[PDB]
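S.K.: If you scroll down you'll find the structure; I have some questions about it.
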Protein chains: 2
Amino acid sequence: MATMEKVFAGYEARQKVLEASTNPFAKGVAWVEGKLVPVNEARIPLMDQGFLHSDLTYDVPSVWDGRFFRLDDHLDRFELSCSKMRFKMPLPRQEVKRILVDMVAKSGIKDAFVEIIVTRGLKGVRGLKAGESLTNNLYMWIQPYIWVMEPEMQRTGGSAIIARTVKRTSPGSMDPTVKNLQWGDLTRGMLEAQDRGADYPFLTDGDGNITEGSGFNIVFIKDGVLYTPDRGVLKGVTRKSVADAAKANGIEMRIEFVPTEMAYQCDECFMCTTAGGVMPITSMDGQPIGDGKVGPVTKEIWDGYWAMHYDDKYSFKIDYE
Amino acid sequence: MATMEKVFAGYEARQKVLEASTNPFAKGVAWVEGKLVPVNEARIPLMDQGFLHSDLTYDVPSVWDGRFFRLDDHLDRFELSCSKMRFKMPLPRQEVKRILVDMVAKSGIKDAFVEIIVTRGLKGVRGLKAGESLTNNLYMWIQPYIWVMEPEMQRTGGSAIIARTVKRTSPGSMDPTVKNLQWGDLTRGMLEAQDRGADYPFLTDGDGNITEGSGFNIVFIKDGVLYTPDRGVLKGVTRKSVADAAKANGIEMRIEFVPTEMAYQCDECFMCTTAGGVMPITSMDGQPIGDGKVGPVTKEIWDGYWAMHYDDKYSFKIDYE
Ligand SMILES: *Cc1c(COP(=O)(O)O)cnc(C)c1O
Ligand SMILES: *Cc1c(COP(=O)(O)O)cnc(C)c1O
């Protein structure tokens, strides 16, 4: 569309400038043990329990056109995730925010993926002896904005399959509201999608309901109403932003059980996530969804989501000096 | 017992020698990108997908009294795990074996924990573009033998709870026969055990059956017969060695559905794993199991397991030169 072309033209112009930069942080920068290092040189201890037992939680805010998007909502969710895991995040919130902004500013990156991780640290829960306390670790980094669905694919939509060989990890085993890197099911789904000649996997709960996919929530549009699963999934900030844009435009959105049959009967579909935004799906199990083009309500939400990036209710300008 | 005292006296004597060594590898040694580094200096790339999405498998053989125990069974299982994950292990099997043995020899460690990991590498499955191929990474290390249950606790047994707040990750989400580091459920179980004043968590499948715990298989003894769960668990090498020792002594062992009620009706119980061996459990949900002492069949298996460490069918001597 018109607004797709706007957003992407601006991104492509900024990318041209960034690709030409000699700033050693232009390809990204990490914070490790209080030091900034270029991201592709960053290393972590082999003995970190975030590696050894994936005992960590994380969050991913973003920067668009030099504006941090919903950073506070990310930090709020991350505090909740840290508490549910019994971590103590090693630096106060305000210091974390200041460091993230300085990192961005230092790098010159205008459109950024940001990741924050807290891990159990160098000593595990399994080994704990009487009297001992654990010190948790923090890792953060900025890189150029990652696209789960590239811009050119967002214009046409991508393809999906309903995964048949795996189901989403039950909340009784791992709470899917705690953003985590334990992607065993998600990775199985990706491999299935590859095998089946589809771009993206949608996992069910194994009981006839749609959940989420490999790093994204799932939204269906049917008879002018948005539907998205309630249980079994991460409470996305992108999905919240979709609800905000729906409300702003008078579009109903239901957060509820979504049966698998919706994937075959929907009028439109899109995935949503911070790394990419609103990502239309125009094929399902090898068949076009309607006419196979990106639908009107999807584009209305798409435009609304990107407009929020310039609204001071949901974003703030970074001073790059 | 008599054989407990034998094994542990030998270990304590060897540990005294190791604690006195100035070898820079005596605290452990890792192999990273073809170089040996002291384990507590070893680092991995932040961008490794083994960290970023826990997209890895691993295995843990061991060395006892300068003898590698069942190394081939570990390498066989690890090949299977690598294939199920669609990894190509970066070095041939024979080279991996030679490197592991050289590492041990170089370190001087007689009683060792060994870990081998293969990860998806520096590029993820999610990001894959048309035409691209992935190169997987290898990490290996040796350290002094880790005890999931310390020697002194093996003499008395430890305590367990049947976990009520978590269930083992279903094979429909993550195959538990592929040894993995995605411990979300296991870590929840450990925290529950701590909360409940018990040493170890036993997880159910959420359908009335016992599975495994936080890095160990679970064995019950009832009316002179060993019972251990079939589905939902890793096919331990320790559990296989238990079956071997049972057979050698005319003790029946059933690998089958184990209802939760067995935890409350058993005559004896033990956990088993490479990092510790045979680990008696003498309390369950806060109540002693029988007289609360380590039982006779448990000790018969315990002695048998350690005898196997000196049998050339199941072990080989390392030349330390
Ligand atoms: C990150 C993520 C999402 C999206 O959450 P956002 O807050 O919108 O970025 C959805 N599901 C999974 C599994 C994720 O990892
Ligand atoms: C390693 C492990 C076991 C034990 O396997 P062994 O081959 O005997 O060391 C059992 N269950 C889990 C979850 C494990 O990680």
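Labeling convention for the structure tokens: chains A, B, ... as they appear, residues from 1 per chain, ligands from 1 in order of appearance.
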Could you please extract the residues within 7 Å of ligand 1, counting only C-alpha atoms and all ligand atoms, and hand them back as JSON, numbers by chain?
M.R.: {"A": [60, 179, 180, 212, 213, 214, 215, 216, 217, 233, 234, 235, 236, 237, 238, 239, 272, 273, 274, 275]}
S.K.: How about saving the chosen residues, N, CA, C and O atoms kept, as a short mmCIF file (atom, residue, chain, number, x, y, z; two decimals), in the first residue's frame?
M.R.:
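Wrote result_11.cif, looks like this:
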data_model
loop_
_atom_site.label_atom_id
_atom_site.label_comp_id
_atom_site.auth_asym_id
_atom_site.auth_seq_id
_atom_site.Cartn_x
_atom_site.Cartn_y
_atom_site.Cartn_z
N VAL A 60 12.34 -8.25 24.23
CA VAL A 60 12.81 -7.59 22.98
C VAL A 60 11.95 -6.35 22.68
O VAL A 60 10.91 -6.44 22.05
N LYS A 179 8.53 -14.91 28.51
CA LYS A 179 9.30 -15.03 27.23
C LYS A 179 10.58 -15.77 27.48
O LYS A 179 11.35 -15.37 28.36
N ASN A 180 10.77 -16.89 26.77
CA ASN A 180 11.93 -17.77 27.01
C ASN A 180 12.51 -18.30 25.73
O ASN A 180 11.90 -18.21 24.69
N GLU A 212 0.43 -20.17 19.13
CA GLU A 212 1.30 -19.18 18.54
C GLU A 212 2.32 -19.94 17.66
O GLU A 212 2.22 -21.16 17.55
N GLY A 213 3.22 -19.21 17.06
CA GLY A 213 4.30 -19.78 16.29
C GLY A 213 5.67 -19.41 16.79
O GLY A 213 5.85 -19.02 17.96
N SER A 214 6.64 -19.58 15.89
CA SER A 214 8.01 -19.47 16.15
C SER A 214 8.45 -18.03 16.25
O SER A 214 9.11 -17.45 15.33
N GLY A 215 8.06 -17.43 17.38
CA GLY A 215 8.43 -16.03 17.65
C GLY A 215 7.40 -14.98 17.27
O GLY A 215 7.75 -13.81 16.99
N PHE A 216 6.13 -15.35 17.35
CA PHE A 216 5.05 -14.45 16.91
C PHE A 216 3.68 -14.94 17.46
O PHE A 216 3.49 -16.17 17.68
N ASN A 217 2.72 -14.00 17.70
CA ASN A 217 1.35 -14.33 17.97
C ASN A 217 0.63 -14.39 16.61
O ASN A 217 1.17 -13.90 15.56
N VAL A 233 0.02 -18.84 25.14
CA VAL A 233 0.80 -17.95 24.34
C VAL A 233 1.39 -16.79 25.10
O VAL A 233 0.90 -16.42 26.20
N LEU A 234 2.37 -16.12 24.49
CA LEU A 234 2.95 -14.92 25.10
C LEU A 234 1.97 -13.78 24.90
O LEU A 234 1.31 -13.71 23.86
N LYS A 235 1.87 -12.87 25.88
CA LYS A 235 1.01 -11.71 25.76
C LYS A 235 1.82 -10.64 25.07
O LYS A 235 2.44 -9.81 25.67
N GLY A 236 1.87 -10.73 23.74
CA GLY A 236 2.69 -9.83 22.96
C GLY A 236 2.35 -8.35 23.13
O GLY A 236 1.19 -7.94 23.23
N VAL A 237 3.41 -7.56 23.06
CA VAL A 237 3.30 -6.11 22.97
C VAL A 237 2.80 -5.72 21.59
O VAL A 237 2.03 -4.75 21.46
N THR A 238 3.18 -6.50 20.57
CA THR A 238 2.65 -6.22 19.22
C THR A 238 1.14 -6.53 19.21
O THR A 238 0.33 -5.75 18.72
N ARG A 239 0.75 -7.66 19.78
CA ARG A 239 -0.63 -8.08 19.86
C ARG A 239 -1.44 -6.97 20.66
O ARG A 239 -2.53 -6.58 20.28
N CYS A 272 2.04 -11.46 14.35
CA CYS A 272 2.57 -10.22 14.91
C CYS A 272 3.65 -10.46 15.93
O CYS A 272 3.58 -11.41 16.77
N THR A 273 4.67 -9.63 15.86
CA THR A 273 5.79 -9.70 16.76
C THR A 273 6.68 -8.42 16.70
O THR A 273 6.62 -7.62 15.72
N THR A 274 7.51 -8.17 17.72
CA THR A 274 8.34 -6.97 17.68
C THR A 274 9.32 -6.97 16.53
O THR A 274 9.48 -5.98 15.87
N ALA A 275 9.93 -8.13 16.30
CA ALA A 275 10.88 -8.27 15.17
C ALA A 275 10.18 -8.48 13.80
O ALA A 275 10.19 -9.59 13.22
#
S.K.: For residue B:161, list every protein, DNA or RNA residue within 7 Å, evaluated using only C-alpha atoms, and leave out those in the same chain fewer than 4 positions away; present the list as a ChimeraX atom specification.
M.R.: /B:193,198,200-202,284-285
S.K.: Output C-alpha atoms for every residue in the selection just made, as a PDB file, in the first residue's frame.
M.R.:
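Saved as part-v4.pdb:
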ATOM      1  CA  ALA B 193      11.420 -29.112  45.964  1.00  0.00           C
ATOM      2  CA  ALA B 198      12.940 -31.770  49.853  1.00  0.00           C
ATOM      3  CA  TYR B 200      14.852 -33.711  44.712  1.00  0.00           C
ATOM      4  CA  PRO B 201      11.713 -33.374  42.542  1.00  0.00           C
ATOM      5  CA  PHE B 202      10.067 -36.299  40.712  1.00  0.00           C
ATOM      6  CA  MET B 284       8.996 -39.205  50.069  1.00  0.00           C
ATOM      7  CA  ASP B 285       6.735 -36.167  50.542  1.00  0.00           C
TER       8      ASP B 285
END
S.K.: Find the residues of chain A that sit at most 9 Å from chain B; for each, write down the nearest two atoms and how far apart they are in Å, to one decimal. Count only C-alpha atoms. Sort by chain, then by number going up, and give it as a tab-separated table.
M.R.:
residue	atom	partner	partner_atom	distance
A:30	CA	B:46	CA	8.9
A:39	CA	B:46	CA	7.8
A:40	CA	B:47	CA	7.1
A:41	CA	B:45	CA	7.3
A:42	CA	B:46	CA	5.5
A:43	CA	B:45	CA	4.4
A:44	CA	B:43	CA	5.2
A:45	CA	B:43	CA	4.4
A:46	CA	B:43	CA	4.8
A:47	CA	B:40	CA	7.1
A:50	CA	B:51	CA	7.0
A:51	CA	B:51	CA	5.1
A:52	CA	B:181	CA	6.4
A:53	CA	B:181	CA	4.6
A:54	CA	B:182	CA	5.7
A:55	CA	B:184	CA	7.1
A:85	CA	B:188	CA	8.4
A:125	CA	B:190	CA	7.2
A:126	CA	B:190	CA	7.1
A:127	CA	B:148	CA	7.1
A:146	CA	B:127	CA	8.9
A:147	CA	B:127	CA	8.4
A:148	CA	B:127	CA	7.1
A:165	CA	B:172	CA	7.5
A:166	CA	B:172	CA	5.3
A:167	CA	B:173	CA	5.2
A:168	CA	B:173	CA	5.9
A:169	CA	B:173	CA	5.3
A:170	CA	B:169	CA	7.4
A:171	CA	B:166	CA	8.6
A:172	CA	B:166	CA	5.3
A:173	CA	B:185	CA	4.9
A:174	CA	B:184	CA	5.7
A:175	CA	B:184	CA	8.6
A:180	CA	B:53	CA	8.4
A:181	CA	B:53	CA	4.6
A:182	CA	B:182	CA	5.3
A:183	CA	B:53	CA	5.7
A:184	CA	B:174	CA	5.7
A:185	CA	B:173	CA	4.9
A:186	CA	B:173	CA	8.6
A:187	CA	B:125	CA	7.4
A:188	CA	B:174	CA	8.3
A:190	CA	B:126	CA	7.1
A:191	CA	B:125	CA	7.9
A:206	CA	B:172	CA	8.3
A:214	CA	B:126	CA	7.6
A:215	CA	B:126	CA	8.6
S.K.: Give chain A as a short mmCIF file (atom, residue, chain, number, x, y, z; two decimals) with C-alpha atoms, in the first residue's frame once it has been least-squares superposed onto chain B over every C-alpha atom, paired in order.
M.R.:
data_model
loop_
_atom_site.label_atom_id
_atom_site.label_comp_id
_atom_site.auth_asym_id
_atom_site.auth_seq_id
_atom_site.Cartn_x
_atom_site.Cartn_y
_atom_site.Cartn_z
CA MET A 1 28.34 -50.17 53.14
CA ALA A 2 31.54 -51.98 52.67
CA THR A 3 31.59 -51.31 48.79
CA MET A 4 30.38 -47.67 49.29
CA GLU A 5 33.32 -47.20 51.60
CA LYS A 6 35.63 -48.74 49.00
CA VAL A 7 34.54 -46.55 46.15
CA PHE A 8 34.43 -43.42 48.17
CA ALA A 9 37.78 -43.95 49.89
CA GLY A 10 39.43 -44.30 46.52
CA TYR A 11 37.71 -41.18 45.21
CA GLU A 12 38.71 -39.15 48.30
CA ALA A 13 42.38 -40.22 47.97
CA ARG A 14 42.41 -39.26 44.28
CA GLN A 15 40.72 -35.93 45.06
CA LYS A 16 43.38 -35.07 47.55
CA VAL A 17 46.02 -35.47 44.79
CA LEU A 18 43.95 -33.50 42.31
CA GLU A 19 43.30 -30.61 44.80
CA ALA A 20 47.10 -30.26 45.15
CA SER A 21 47.84 -30.09 41.40
CA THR A 22 49.09 -26.94 39.71
CA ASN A 23 48.06 -28.21 36.24
CA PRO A 24 46.10 -25.33 34.73
CA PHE A 25 43.53 -27.88 33.52
CA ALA A 26 43.05 -29.63 36.88
CA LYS A 27 39.83 -27.64 37.52
CA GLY A 28 38.67 -28.65 34.03
CA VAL A 29 39.38 -27.93 30.38
CA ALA A 30 37.23 -26.99 27.43
CA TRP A 31 37.59 -27.31 23.70
CA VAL A 32 36.37 -24.15 21.89
CA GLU A 33 36.95 -23.65 18.13
CA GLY A 34 39.92 -26.10 18.20
CA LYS A 35 41.70 -24.67 21.27
CA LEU A 36 41.94 -25.96 24.83
CA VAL A 37 41.23 -23.41 27.52
CA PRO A 38 40.82 -23.75 31.28
CA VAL A 39 37.11 -24.31 31.83
CA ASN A 40 36.40 -21.29 34.01
CA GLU A 41 38.00 -19.03 31.21
CA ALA A 42 36.00 -20.69 28.39
CA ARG A 43 33.59 -18.45 26.47
CA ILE A 44 31.14 -18.94 23.66
CA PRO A 45 29.78 -16.49 21.11
CA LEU A 46 26.75 -14.53 22.30
CA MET A 47 25.19 -15.16 18.90
CA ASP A 48 25.48 -18.93 19.16
CA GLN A 49 21.97 -20.40 18.65
CA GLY A 50 22.69 -22.89 21.46
CA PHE A 51 22.32 -19.87 23.65
CA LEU A 52 19.91 -17.77 21.64
CA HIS A 53 17.25 -20.48 21.17
CA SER A 54 18.72 -23.40 23.18
CA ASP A 55 18.99 -25.14 19.80
CA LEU A 56 21.34 -27.93 20.80
CA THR A 57 21.73 -31.41 22.06
CA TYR A 58 24.34 -32.81 24.43
CA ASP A 59 25.61 -35.90 26.17
CA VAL A 60 27.59 -36.62 29.35
CA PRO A 61 29.96 -39.51 29.59
CA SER A 62 32.36 -39.84 32.53
CA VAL A 63 35.72 -41.09 33.75
CA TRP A 64 36.12 -43.00 37.03
CA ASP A 65 39.55 -43.98 38.42
CA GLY A 66 41.14 -43.15 35.10
CA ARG A 67 38.66 -45.40 33.13
CA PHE A 68 36.17 -43.99 30.60
CA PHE A 69 32.76 -45.53 31.36
CA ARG A 70 30.52 -46.60 28.47
CA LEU A 71 31.90 -43.88 26.18
CA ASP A 72 30.66 -45.68 23.06
CA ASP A 73 27.09 -45.93 24.38
CA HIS A 74 27.17 -42.14 24.99
CA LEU A 75 28.56 -41.40 21.50
CA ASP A 76 25.89 -43.72 20.02
CA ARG A 77 23.10 -41.95 21.85
CA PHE A 78 24.57 -38.54 20.92
CA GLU A 79 24.68 -39.52 17.22
CA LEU A 80 21.01 -40.39 17.44
CA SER A 81 20.20 -37.12 19.24
CA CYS A 82 22.19 -35.08 16.63
CA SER A 83 20.35 -36.82 13.80
CA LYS A 84 16.88 -36.22 15.37
CA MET A 85 17.80 -32.53 15.62
CA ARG A 86 19.13 -32.43 12.01
CA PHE A 87 22.66 -31.52 13.10
CA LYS A 88 25.84 -32.64 11.40
CA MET A 89 28.41 -33.09 14.23
CA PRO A 90 31.44 -30.93 12.98
CA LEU A 91 34.15 -33.64 13.56
CA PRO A 92 34.11 -37.36 13.00
CA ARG A 93 33.36 -39.66 15.91
CA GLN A 94 36.83 -41.08 16.11
CA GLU A 95 38.36 -37.57 16.31
CA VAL A 96 35.93 -36.57 19.02
CA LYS A 97 36.91 -39.65 21.05
CA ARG A 98 40.62 -38.93 20.60
CA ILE A 99 40.15 -35.30 21.67
CA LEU A 100 38.10 -36.28 24.79
CA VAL A 101 40.74 -38.78 25.83
CA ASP A 102 43.61 -36.29 25.24
CA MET A 103 41.74 -33.67 27.29
CA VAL A 104 41.37 -36.06 30.20
CA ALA A 105 44.99 -37.17 29.96
CA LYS A 106 46.26 -33.60 29.77
CA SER A 107 44.25 -32.57 32.83
CA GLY A 108 45.32 -35.38 35.11
CA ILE A 109 41.68 -35.68 36.38
CA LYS A 110 40.94 -39.34 37.27
CA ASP A 111 37.28 -38.87 38.19
CA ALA A 112 35.67 -36.65 35.59
CA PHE A 113 32.39 -35.22 34.30
CA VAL A 114 32.54 -34.85 30.51
CA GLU A 115 30.08 -32.89 28.39
CA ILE A 116 29.72 -32.70 24.62
CA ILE A 117 27.35 -30.20 22.95
CA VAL A 118 26.43 -29.63 19.32
CA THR A 119 24.47 -26.47 18.56
CA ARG A 120 22.75 -25.15 15.45
CA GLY A 121 25.69 -22.57 15.15
CA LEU A 122 25.89 -18.82 14.59
CA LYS A 123 22.93 -18.63 12.23
CA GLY A 124 19.40 -19.63 13.20
CA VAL A 125 16.71 -21.74 11.55
CA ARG A 126 14.23 -18.77 11.87
CA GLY A 127 16.34 -16.44 9.73
CA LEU A 128 17.17 -18.88 6.91
CA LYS A 129 16.94 -17.35 3.40
CA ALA A 130 16.58 -19.26 0.10
CA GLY A 131 19.82 -21.15 -0.73
CA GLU A 132 21.53 -20.79 2.67
CA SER A 133 23.12 -23.68 4.66
CA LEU A 134 23.88 -23.83 8.35
CA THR A 135 27.22 -24.77 9.96
CA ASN A 136 26.75 -26.38 13.43
CA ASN A 137 29.15 -25.78 16.37
CA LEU A 138 30.80 -28.17 18.78
CA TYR A 139 31.73 -27.55 22.43
CA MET A 140 33.33 -30.09 24.77
CA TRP A 141 34.70 -29.99 28.28
CA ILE A 142 36.08 -32.06 31.20
CA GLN A 143 35.71 -31.07 34.88
CA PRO A 144 36.06 -32.84 38.23
CA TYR A 145 33.23 -35.38 38.75
CA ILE A 146 29.97 -33.76 39.65
CA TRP A 147 27.66 -35.32 42.20
CA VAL A 148 23.89 -34.81 41.84
CA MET A 149 23.93 -36.52 45.24
CA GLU A 150 27.04 -36.13 47.29
CA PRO A 151 28.76 -39.20 48.74
CA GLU A 152 27.66 -38.57 52.30
CA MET A 153 24.04 -38.29 51.23
CA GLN A 154 24.29 -41.52 49.24
CA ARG A 155 25.05 -43.35 52.51
CA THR A 156 21.73 -42.16 54.12
CA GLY A 157 19.65 -41.37 51.06
CA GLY A 158 18.09 -38.06 50.15
CA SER A 159 14.55 -36.80 50.11
CA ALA A 160 12.05 -36.43 47.26
CA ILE A 161 8.72 -34.89 46.48
CA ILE A 162 6.24 -35.74 43.78
CA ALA A 163 5.92 -32.37 42.04
CA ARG A 164 2.45 -30.86 42.06
CA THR A 165 3.07 -27.49 40.35
CA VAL A 166 4.68 -28.73 37.11
CA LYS A 167 4.63 -31.77 34.81
CA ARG A 168 7.29 -33.15 32.47
CA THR A 169 7.34 -31.60 29.01
CA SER A 170 5.32 -33.86 26.72
CA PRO A 171 7.11 -35.78 23.94
CA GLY A 172 4.67 -34.00 21.58
CA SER A 173 6.44 -30.73 22.41
CA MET A 174 10.04 -31.86 23.01
CA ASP A 175 11.34 -35.44 22.66
CA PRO A 176 12.71 -36.37 26.11
CA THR A 177 14.89 -39.07 24.51
CA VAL A 178 17.00 -36.28 22.94
CA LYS A 179 19.13 -35.10 25.90
CA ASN A 180 18.57 -31.34 25.98
CA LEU A 181 19.14 -28.28 28.10
CA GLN A 182 15.63 -26.91 27.87
CA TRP A 183 15.04 -27.45 31.63
CA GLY A 184 12.08 -25.16 32.24
CA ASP A 185 10.00 -27.87 33.82
CA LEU A 186 12.93 -29.42 35.64
CA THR A 187 13.97 -26.03 37.08
CA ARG A 188 10.32 -25.38 38.21
CA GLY A 189 10.48 -28.81 39.90
CA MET A 190 13.77 -27.93 41.71
CA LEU A 191 12.25 -24.67 42.98
CA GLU A 192 9.18 -26.60 44.20
CA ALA A 193 11.42 -29.11 45.96
CA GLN A 194 13.28 -26.27 47.69
CA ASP A 195 9.96 -24.66 48.72
CA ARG A 196 8.80 -28.00 50.15
CA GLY A 197 12.01 -28.81 52.04
CA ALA A 198 12.94 -31.77 49.85
CA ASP A 199 16.21 -32.53 48.10
CA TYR A 200 14.85 -33.71 44.71
CA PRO A 201 11.71 -33.37 42.54
CA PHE A 202 10.07 -36.30 40.71
CA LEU A 203 7.84 -35.02 37.85
CA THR A 204 4.72 -36.77 36.62
CA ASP A 205 3.34 -36.65 33.09
CA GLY A 206 0.21 -34.91 34.47
CA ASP A 207 -1.83 -38.11 33.81
CA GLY A 208 -0.97 -40.12 36.98
CA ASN A 209 2.42 -41.54 35.86
CA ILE A 210 5.98 -40.88 37.18
CA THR A 211 8.54 -39.74 34.57
CA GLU A 212 11.97 -38.44 35.61
CA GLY A 213 13.53 -35.58 37.55
CA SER A 214 16.02 -32.83 37.27
CA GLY A 215 18.84 -34.67 35.56
CA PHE A 216 18.13 -38.27 36.57
CA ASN A 217 15.89 -41.33 35.91
CA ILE A 218 13.78 -42.74 38.77
CA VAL A 219 13.74 -46.38 39.96
CA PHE A 220 11.36 -47.96 42.49
CA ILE A 221 11.79 -51.30 44.16
CA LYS A 222 8.68 -53.18 45.22
CA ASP A 223 8.45 -56.82 46.37
CA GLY A 224 11.94 -57.48 45.03
CA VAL A 225 11.33 -56.08 41.53
CA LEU A 226 12.74 -52.87 39.96
CA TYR A 227 10.30 -50.58 38.17
CA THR A 228 11.15 -47.54 36.05
CA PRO A 229 9.15 -45.44 33.64
CA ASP A 230 9.28 -46.25 29.89
CA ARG A 231 7.72 -43.27 28.12
CA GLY A 232 8.42 -39.59 28.73
CA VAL A 233 12.01 -39.89 29.83
CA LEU A 234 15.62 -40.08 28.69
CA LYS A 235 16.92 -43.60 28.08
CA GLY A 236 19.72 -43.27 30.58
CA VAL A 237 23.03 -45.05 30.30
CA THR A 238 22.96 -45.30 34.10
CA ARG A 239 19.44 -46.80 33.92
CA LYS A 240 20.81 -49.31 31.26
CA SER A 241 23.72 -50.14 33.60
CA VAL A 242 21.18 -50.71 36.39
CA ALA A 243 19.31 -53.17 34.10
CA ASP A 244 22.62 -54.91 33.36
CA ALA A 245 23.44 -55.24 37.07
CA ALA A 246 19.93 -56.42 37.83
CA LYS A 247 20.19 -59.13 35.17
CA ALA A 248 23.64 -60.18 36.40
CA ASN A 249 22.13 -60.72 39.88
CA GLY A 250 18.82 -62.34 38.91
CA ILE A 251 16.67 -59.32 39.83
CA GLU A 252 13.67 -58.56 37.59
CA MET A 253 13.46 -55.04 36.18
CA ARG A 254 10.33 -53.69 34.43
CA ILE A 255 10.49 -50.66 32.15
CA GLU A 256 6.85 -49.62 31.95
CA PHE A 257 4.18 -47.19 33.12
CA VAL A 258 4.83 -46.40 36.80
CA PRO A 259 1.77 -44.94 38.53
CA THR A 260 2.24 -42.13 41.01
CA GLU A 261 0.96 -44.40 43.80
CA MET A 262 4.21 -46.40 43.53
CA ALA A 263 6.04 -43.44 45.13
CA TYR A 264 3.94 -44.01 48.33
CA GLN A 265 3.99 -47.85 48.32
CA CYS A 266 7.56 -48.68 47.22
CA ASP A 267 9.92 -50.66 49.46
CA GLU A 268 12.95 -48.76 48.15
CA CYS A 269 13.78 -45.95 45.69
CA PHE A 270 16.72 -44.58 43.88
CA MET A 271 17.55 -42.03 41.20
CA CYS A 272 20.21 -42.70 38.60
CA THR A 273 22.36 -40.56 36.39
CA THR A 274 25.95 -40.25 35.06
CA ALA A 275 26.72 -37.32 37.35
CA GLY A 276 26.49 -39.31 40.62
CA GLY A 277 25.54 -42.85 39.72
CA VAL A 278 23.02 -44.63 41.95
CA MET A 279 21.44 -42.16 44.37
CA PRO A 280 19.17 -43.56 47.05
CA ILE A 281 15.97 -41.77 48.06
CA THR A 282 14.84 -42.64 51.58
CA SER A 283 12.05 -40.03 52.15
CA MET A 284 9.00 -39.21 50.07
CA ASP A 285 6.74 -36.17 50.54
CA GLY A 286 8.20 -35.65 54.02
CA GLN A 287 7.76 -39.31 55.27
CA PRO A 288 10.40 -42.04 55.52
CA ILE A 289 10.36 -44.84 52.92
CA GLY A 290 10.16 -47.93 55.18
CA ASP A 291 12.73 -47.59 57.93
CA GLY A 292 14.21 -44.61 56.13
CA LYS A 293 17.54 -46.29 55.41
CA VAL A 294 19.08 -47.28 52.10
CA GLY A 295 17.59 -50.68 51.19
CA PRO A 296 19.29 -53.95 50.39
CA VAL A 297 18.37 -54.26 46.69
CA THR A 298 19.42 -50.60 46.14
CA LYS A 299 22.85 -51.41 47.68
CA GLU A 300 23.17 -54.58 45.58
CA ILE A 301 22.58 -52.50 42.42
CA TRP A 302 24.83 -49.71 43.74
CA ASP A 303 27.75 -52.15 44.22
CA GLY A 304 27.10 -53.76 40.81
CA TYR A 305 27.06 -50.44 39.00
CA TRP A 306 30.45 -49.44 40.41
CA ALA A 307 31.90 -52.90 39.69
CA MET A 308 31.08 -52.32 36.03
CA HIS A 309 33.54 -49.40 35.97
CA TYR A 310 36.40 -51.93 36.12
CA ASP A 311 34.98 -54.36 33.56
CA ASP A 312 36.48 -54.04 30.06
CA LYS A 313 33.02 -54.75 28.50
CA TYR A 314 31.93 -51.34 29.81
CA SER A 315 35.09 -49.27 30.26
CA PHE A 316 38.66 -48.64 29.06
CA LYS A 317 41.77 -47.33 30.76
CA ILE A 318 43.08 -43.92 29.76
CA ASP A 319 46.84 -43.63 29.35
CA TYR A 320 47.78 -40.43 31.16
CA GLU A 321 51.53 -40.92 30.30
#
S.K.: Please report, as a ChimeraX atom specification, each residue of stretch 80-310 of chain A to which DSSP assigns alpha helix (DSSP H) when run on this structure's backbone.
M.R.: /A:80-84,93-107,151-156,184-195,237-248,262-265,296-307
S.K.: Run DSSP on the backbone and give me the residues of stretch 20-147 of chain B it puts in strand (DSSP E or B), as a PyMOL selection string.
M.R.: chain B and resi 29-32+35-38+43-45+56-59+62-64+67-69+112-119+137-144
